[PDB]
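The block underneath contains the structure these notes are about, expressed in structure tokens.
All chains are identified by letter, namely A, B, C, D, E, F, G, H, I and J, in their written order; residue positions are counted from 1 within each chain.
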């Protein structure tokens, strides 16, 4: 059980899976330790025309992964005319890489969430710093996994999948809670959705504020 | 370059050119006979190619590769008395034998070195640029068990054990000759074992018994090369009995 | 003759003969049918034999228990690819952890078969392989031939006198998708009977059948385990 | 300078057609499969009774419980066996059950056509195997004997005889053996067939008999042990 | 004779008295045996149009492999020996793969074509492997230098074109492209244009019966190389049929 | 045969017997005579250098007789171009032996190390066979002064008098004939060396431009090897010369 | 016949012909005549100028995209002359060699060293048994920041010779002769002069005279710290000046 | 119309023709001819 | 095609499919093949030349012979 | 078969006993520019025909008498590529030598080491020999040196020799005119005459380069300096 002291972190990557789409929110803020150097930052990338990848935790470890997944995707599409890669092979091969790098004791964690459909099935895969792949109803990794995911679990517990409206209220609730409870981040989120044409998610914008407990 | 010229071409003969050809060399230069005895398996050579100003210590036609396995050879090719080809084969086979001891102990068996040597020429047939060695060695020895063995290898690299086998100056001829002399009595008696070797050599006798060099080797023990002087003692008496059969 | 002794000797046509001579081995070798529905992929094979004291040669091979191949041509070249393919599968579950797509493997072998046709004197592999597979996408019937060119086909038949089988597949292009596991197998027998004379039809002992699809994993059926599939005997014209 | 492989206009390798002719020159191998074992019988190809029948590499061990008999070019066979041997003993170490006789057969057939030199590969051969092999061993489904030949044709066999006349070796098998019958009789049938392809009449000296059973496993026979199985001609 | 078909091609370590080895000239002949692949360059992408020779109607997609995806902005339409077609696809692609990792950006076509061209000529030099003998085009839309179209022939010569066609009807086709406009106009207007050239050139002493395949690589597909949709393909084809008659 | 299946050493003979070696032996005969005679306080080597021309820079006195080690020297008969790689190789082996053994290296050991490289070149690796026979001269304390002969093929023998070069057959028999055993001294073996060298060679005059002479002499129990300089060489020639002159008309 | 002799190994694997020059190397020169690219390079004191046919056969080709001027260093430039297949392979090779060097030395490369170094690489191609020499000529332009503008040319095999004025192509002998008169009666150089002299000599030999979208003139001027392609805008200006000049 | 490669008599075909000649002259019957035919390579009818 | 006109046109022969199977057979050789195809057909009790009949004819006409050396042939 | 394959190869031996290949290499050098080298015994001179004719050659960084190290120069004939690799390796080896001893390499040790390298190509098969014959000059230890290394990979000691165009005639003049021990200035005069025998088309305003090696060291000389000697004796 591990968690390296991160320098340049993306704290949170939100994710809930729906019927043909995924809605992801990705933190705008890039903390480089305590100082927040860069907000503008979208951590969700476009690999290909039917895949997307969104990661939280170290951003450096992310940028190393985006080009590598780019060369793996480039080998696979060559074979067809418009064939696109399934989520599971790329995410699982990367899992084996992180299990090996975890054993090497000086390393930095990243945890990514891939959405793709390259099969006859829409796959939601995760590669973690610890490694494993699984399906999830609603997901959050890193700092989300620790504190909001449990709030999400609470919800998930009697009602297996939430509605659209209820996920939006939670998102709004959530950003408040992260700024308040975790440090590095900001309220500021980018809303990114991936679909069968590519990933679309414009620049991170400010959203609801409340670092007030003077009112509580 | 031509198809026939190339090292690759399996030929209508149904067997690779360079393997076939190495097999047609196992007569002429030097003669090596080895017979099996209970107490000594003995190899003898005739012709070390010595003018008797040339060192006999330098030329080994009977070299002990192990401490209970020894081998004697002969072969055909261009330029007489040719120490070189035989000499590389002694060097790789002897080191390998010492390396075997280090890995898995005690004196290494007759049959194992012979298996290694036959495969050594074989692997070369796959390997780049390499033809097999044209050599047949009469691997003579005792096992760690003490079970006497007499083994022979051929140029392709198929090996068989025999009770007694002879090569060189016409392989086929010396094999045939040795079969009249061999008896089950010959193997039991220590005097007869030496004479059986000498008896095959003599049908291409050259220059005394000082030319002919014999060794006895025992169960775990180093090669003992009998004096060039001792050999002469057997030849004078035997040579007379020899004339009569052929 | 002369072009194929080497490879670097190019022809006055502009096409290498070593590849063309390699295709003719495929004509010597066993007739095969490979067909797909859209849930299943069926390999219907003709077994040939050297002795009838010995069991007839299994022409469905396990590459993995989800893709299998049926071989037509040089057997030594076939087995060499069989092993190569087998390891690739093992590799794919080992790293990726899933059932290997047929599509990733035909392309990978297609890259590898090109290399010795270009290497000086070396063969193009004188074997045509029909890979029948059901992966996550659904069924694929793939052709690799001695040319590194591969086809994605719905149904094709390769091997000795398979041409006669191909004509019946064209009539029944429509029927394939529509067909069940049982039905698709009866068409493979129909296609397979064309290969053989108008004096005779199929027997249990010269037919090997390999089924992979939605219903069950890759199982190979031998000498008399073919029987429940087998029943269905259709027209052979003169 | 030149290539390696040469296809004939007939549509098949020249070197592979030559490799078949290669088989006709050598020893003979008969293997007979029973559900009580697989026996392999081969001649050394005698010319003197001084040649021991006690320990001669014609039947060699791939594994502790798999024996392999060769025909054709004898020498070259020992290299095929060595490659199969390394694969088989690693599998035996790992599994501690049995190493499929069928896999081993499939593996060797890869070595038949692979060969390159002259600006291809230094690690690959300059020749085709003109070896045909009978791998007879004991496996978890049962005792199995597989036949491989220079073309690379892996086929499963209940009973197969291959020799210096391929047509001859099998035809004698038709007369004498039938698939199902005792272990003792399977050996009996190997020897009769072996004598038929061979020039000369059967003796203890001319052959080596090795039986692989699930009950005894591979046994390499020595001269006292040879006399026992000879009794049944 | 300007070529000998036995003598000076016994090894790939040869030259010939004119200055060019005969094996390379034969390699242009190999491309003649197959049908034509045309690709016309816009400034908003490239559009390919290849005619694919068919023998059966049990063929489905990913058959013959006339269109390859070299990258997520590089397209390839090929002509000639399909066997040879797979290795050239590998060579371009591997160069692309290393490039993507290290450099971290979209490849400029000006660099790729010369870089690949070196490799195509490099097999010809060697006698470890024989010359190539399929011809290909690279067509890319990038922000790196815009839309660019190159053609690399099995000799290893790389040249710029707004319109190139490689086949056995390459000479007749290239002239035909020059009469039409496509240089400045969008991929959507162009697709129609690539199809018609193939039908008009289409002879019965240089080609056989074909099914049309066309391909995008431009702004509409958002960089990436995809095959044109069936609906769109059939309108581009419908003009192609009308234009011949 | 009716055609060689050689044209490379990555392909081999149509008999499996290597013709190239017999042409190599002929190559020593083309080149000038090399002879070694034994002495009872040294060993000396006499060789005919490639250079006969008047114009010699003469910075080297070693151009066919190379001193390798602090115990051994060798000579070349054959192609000069071949020695240069060999001589540097021999230096490495010779010092390599000392490092482990630290003994006055025996002549039989140095020669066997070299024979490994020559036999491999002929078998594979695509390298052309050698065309030099080298004569190794050295001292060990276990048999004495020794002379060994190495052949292009890897064929070796210990001698105490041997000659190769300018028809080998004649030369070895002649060198033996004039050699005596246990009657010798270094000055007289040297005077004799020129005389025999004169007879095998076409010249009846011979000079230090034509010839290069080396001694290996053991002093105070250690072997000092020098290849001699021209004025010293001339003195051995003039000693011989008076006798040669009487033969002549 | 032709230069060299077919007999023996010299086209199967690269081993010298009787001439002592490789069979492939003598043939290697002939490869320029195959190309049809005729170049003359003239050296100023303010710039080094190269003028070559760009070989655009039709305006269907894009004049910009087609090139034969390459940027092989940070401001060293070259032009390719001869068989195009050879020419791209040489360009890419030169580029690797160029980058490595720039780093090591740590500053931009002398024109002389770059030509010398490619000349060493091309010998490698000659010597190796699989490969064959390059059939092309690289004409490098650049201004050394000591000596001044230098024009070098490397031959197909990898011959190197110094040049202050050079020509290469089909009509190599004729182009060098027109330039030889101009070198003798040396004008004082400026951007315009040097360019005018290069084009004029190439236009006498061919006797057509160039179009302003069919040649590519490449300069390394003191005003640019980059390698620059003149393009149609600049060339058109020099071309109308030629007719009028004399 | 056709090309046929003319090949030497197979193993059954040579045994059969020898049998016919063998009976005519004085031979010991149980004949070792079969053992020799199988051992040896392809042998023509003239040869037997 | 031209040869099928000479004899008869069966539903079974498909020219496109046939071309793939075989390699390097010219006109003269082909005529011999069509004559051979007919030989097969007469044995069957047919007048039709089947697709299988054309194929088989190809093998008899060359150097190739029944009962091949190869163990896949 | 015939003689063609056997004799040419250096993957196997010539049946002549000496290799027909090195002889081929000398012919190459004959087709090259004419080069003379003479050790005076007051210094060494290397002179060669260098093609200017209008000054078409950069003589500011590229030459035909070229320094390996401080006091060693080489002048060459024959194949141009073969030489360029030979120069670069030779300087590399020299620099390793200057690094270790702290003395620039002498000609006599250098030729022997250089010969080992050229022998490797004369041994290796598929690899042809270096087709340059080198004239190495030097002044080290207080003594001038001139050596000849031929394409075989052998080194020979000469006081004066000739290469390039009509070498047979060069060697004959050298023996005839040359005397042991002379002045370096008189020595250049006979070297320019040695070239003049088989120059071809004769010298223009300057169409030769000479480099001198002496007590102060090896220096290639400038076109002006070179011209002064040519007036004295053409």
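Keep in mind that, in the parts below, a contact is a pair of C-beta atoms (placed from the backbone, for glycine too) under 8 Å apart; a residue touches a chain by one contact, two chains touch by 3 or more.
Trainee: Would you mind checking which chain's C-alpha centre is most distant from the centre of chain B?
Mentor: Here the answer is chain A, farthest from chain B.
Trainee: If you tally contacting C-beta pairs, which comes out ahead, C-E or D-H? Let me know.
Mentor: Answer by contact count: C-E.
Trainee: Just curious, how far off is chain G from chain C if you go by their C-alpha centres, in Å?
Mentor: Chain C and chain G have C-alpha centres separated by 55 Å.
Trainee: From the mean C-alpha coordinate of chain E to that of chain J, what's the distance rounded to whole Å?
Mentor: Measuring from centre to centre gives 53 Å for this pair.
Trainee: Per the centroid of Cα atoms for each chain, what is the distance between chain C and chain D, given in Å?
Mentor: About 29 Å, centre to centre.
Trainee: If you average the Cα atoms of chain A and of chain B to get two centres, how far apart are those centres in Å?
Mentor: 76
Trainee: At which residue positions does chain B touch at least two other chains?
Mentor: Where chain B meets two or more other chains at a single residue, that happens at 1-3, 5-7, 127-129.
Trainee: Give me the residue numbers in chain J that touch at least two other chains, ranges are fine.
Mentor: Those would be 1, 5, 9-11, 125-126.
Trainee: For chain A, give me the residues that contact two or more of the other chains.
Mentor: 78-80, 83, in rising order.
Trainee: Under the stated contact criterion, what part of chain D meets chain H in this complex?
Mentor: The contact residues of chain D facing chain H are 21, 24-25, 163-165, 167-169, 195-200.
Trainee: Within their complex, state which residues of chain E touch chain C.
Mentor: The contact residues of chain E facing chain C are 5-6, 9-12, 22-23, 26-33, 56-65, 81-87, 90, 123, 127-133.
Trainee: Which residues of chain C touch chain E in their complex?
Mentor: Of all residues in chain C, those touching chain E are 2, 6-16, 19, 103, 110-111, 114-115, 117-120, 124, 147-156, 166, 169-170, 173.
Trainee: Quick one: in the complex, what on chain E touches chain I?
Mentor: Listed in rising order, the residues of chain E that touch chain I are 54-56, 209.
Trainee: Would you mind writing out the residues of chain E in touch with chain A in their complex?
Mentor: 61-62, 67-72, 89, 93, 96-97, 100-101, 104, 215, 221-222, 224, 226-227
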